[PDB]
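When you line the sequence shown up against the entry's author numbering, it's residues 4 to 31, 37 to 172, 175 to 352, in that order.
Think of the CB as a built atom: it goes at the ideal place given N, C-alpha and C, for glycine as much as any other residue.
What follows is a set of notes on a single structure, which appears directly below.
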Amino acid sequence: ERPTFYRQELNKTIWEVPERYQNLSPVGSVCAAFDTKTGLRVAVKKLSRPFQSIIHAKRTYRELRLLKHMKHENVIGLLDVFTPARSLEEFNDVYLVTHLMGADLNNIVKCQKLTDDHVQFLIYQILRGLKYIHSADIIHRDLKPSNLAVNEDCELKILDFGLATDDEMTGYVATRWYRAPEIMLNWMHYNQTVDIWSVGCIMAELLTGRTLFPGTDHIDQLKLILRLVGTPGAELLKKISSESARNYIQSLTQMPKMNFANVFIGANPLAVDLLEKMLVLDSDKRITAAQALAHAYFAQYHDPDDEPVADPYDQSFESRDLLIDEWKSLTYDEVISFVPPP
Ligand SMILES: [O-][n+]1ccc2c(-c3ccc(F)cc3F)cc(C3CCNCC3)nc2c1-c1c(Cl)cccc1Cl
């Protein structure tokens, strides 16, 4: 087998790709391109210094393994992964190819009170993708509009899992406005429902057209949050397994859950109901992706025979220490073993 690769310097970096891919244009390192073999326009990603270190060697493996496992209409998939190397001895580049989408929610919603029919179609897709993700016991951890690719047909694909800092999460920034508090403030080892909280921020935003919890810092955000959803009761308190977090919450002057119908004025009661059930402090009691696809709000889009689960994902590599070379070989095995879809 083996196709023929060709060079082109593209904004500071050399990309060497199979002939099939043509008309590469910059974007971010990512490129738009056109895949002659299949007729699909696609996004292409080159991992910078994929095996620079142990943290990085593991990271590339984690990413490639994740992209390799994901097969679903609402989750970022791999049409192709390749290296121009001819052996492990000079293997040093990974190019990850996916469908081209073209924008994300930010570049389409953005201070923009959408129609109820839209907001349903967007969240249904998130949740369908999330039912599939959560079914392989994978968590995303960092859901937010920028990690949701939308094409001009309102078709959503979930992107960029939380594979990996303190400065990138500080002050008035969207890097932190969608995070469940239990993880913003490291309260406990956290379930997968952390994602459902993020969907609830996103949803509120799409209807209201304004950031739900746009806190100026971690503690201002917690304050904005508790105000909307109540301060925690003694039951949740026991679960927060971090004496300093508990103590601080205990300091907070108690207050009750606000009425959402009055926060989301003129919003469809079904949506308000859903939000009520997503934005819950006790991660244990939130609605799941599965259960939410069965909610009335998505009755026009719910199809329990077209809401696939996944195969199981063996992530036991995570709790496993290895050398650069051993991660890179595990990575190489993954690249050369790849099979494309129909
Ligand atoms: O459609 N599309 C498809 C895939 C991506 C990817 C992307 C993710 C995994 C992969 F193996 C290959 C990729 F190209 C990474 C980014 C990165 C772009 C900058 N921000 C982080 C993700 N953007 C896109 C996009 C995209 C988006 Cl979501 C908005 C605008 C333009 C593009 Cl081409």
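Q) Measuring from the CB of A40, is there a heavy atom of ligand 1 at a distance below 8 Å? A) If you number the sequence shown from 1, residue 40 lands on position 32. Yes; taking the cut-off as 8 Å, the Cβ of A40 has a heavy atom of ligand 1 nearer than that.
Q.
For a test of your reading of the model: does the CB of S56 fall under 8 Å from any non-hydrogen atom of ligand 1? Yes or no.
A. The sequence position of residue 56 within the sequence shown is 48, counting from 1. Result no, Cβ not under 8 Å from ligand 1.
Q: From the DSSP output, in three-state form, read off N26 for me.
A: The sequence position of residue 26 within the sequence shown is 23, counting from 1. Strand at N26.
(Q) Quick test of your reading: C211 and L222, contact by CB under 8 Å. State the CB separation rounded to the nearest angstrom. (A) For this step, residue 211 is matched to residue 201 along the sequence shown. For this step, residue 222 is matched to residue 212 along the sequence shown. Confirmed, about 4 Å.
Q) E12 lies in the beta strand (DSSP E); which residues open and close that run? A) Here the question's residue 12 lines up with position 9 in the sequence shown. Its beta strand (DSSP E) spans residues 8-13.
(Q) If distances are taken between C-alpha atoms only, which option among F308, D324, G170 comes closest to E317? (A) As a first step, residue 317 must be located in the sequence shown, where it is residue number 307. For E317, the nearest C-alpha among the options comes from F308.
**Q.** Residues sharing a beta bridge with residue 35, DSSP
**A.** Missing from the coordinates is residue 35; the shown part of the chain jumps over it, going from 31 to 37.
Q | Boundaries (first-last residue) of the alpha helix (DSSP H) holding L236 | A | Counting from 1 along the sequence shown, the entry for residue 236 is found at position 226. Annotation: the continuous alpha helix (DSSP H) that includes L236 extends over 228-239.
Q) Can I84 be considered in contact with ligand 1, in the sense that its beta carbon sits closer than 8 Å to one or more heavy atoms? A) Numbered from its first residue, the sequence shown carries residue 84 at position 76. At least one heavy atom of ligand 1 is nearer than 8 Å to the Cβ of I84, so yes.
Q | Same chain only: Cβ atoms within 7 Å of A271, ignoring 5 sequence neighbours per side | A | To locate residue 271, count along the sequence shown from 1; it is residue 261. Excluding residues up to 5 positions away in sequence, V282 lie with their Cβ nearer than 7 Å to the Cβ of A271 in the same chain.
**Q.** Opposing strand residues paired with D43 [DSSP bridges]
**A.** Here residue 43 is taken as the residue at index 35 of the sequence shown, counted from 1. Note: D43 sits in a beta bridge opposite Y24, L48.
Q. Could you check where the beta strand (DSSP E) with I166 kicks off and where it finishes?
A. The residue you call residue 166 lines up with position 158 of the sequence shown. Taken as a continuous stretch (DSSP letters only), the beta strand (DSSP E) holding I166 covers 164-166.
Q: Output the distance between the C-alpha atoms of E336 and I62, rounded to the nearest integer angstrom.
A: By one-based count along the sequence shown, residue 336 stands at place 326. By one-based count along the sequence shown, residue 62 stands at place 54. C-alpha separation (whole angstroms): 10 Å.
Q: Within 10 angstroms of the Cβ of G219, are there 16 or more other Cβ atoms? Answer buried if so, exposed if not.
A: Counting from one through the sequence shown, the residue named residue 219 turns up at place 209. Answer is exposed; the Cβ neighbour count stays below 16.
Q. For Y9, which residues of its own chain have a beta-carbon under 8 Å away from its beta-carbon, when the five flanking residues on both sides are left out?
A. Numbered from 1 along the sequence shown, position 6 holds the residue referred to as residue 9. For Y9, the CB contacts under 8 Å within the same chain, skipping 5 residues up- and downstream, are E19, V20, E22 in chain order.
Q: Alpha carbon to alpha carbon, how far is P314 from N82? Give it in angstroms, no decimals.
A: In the sequence shown, residue 82 corresponds to position 74, counting from 1. In the sequence shown, residue 314 corresponds to position 304, counting from 1. Cα to Cα, the separation comes out at about 15 Å.
Q) Exposed or buried, which one is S56 when buried takes at least 16 other CB atoms within 10 Å? A) Counting from one through the sequence shown, the residue named residue 56 turns up at place 48. Exposed, by the Cβ-count rule.
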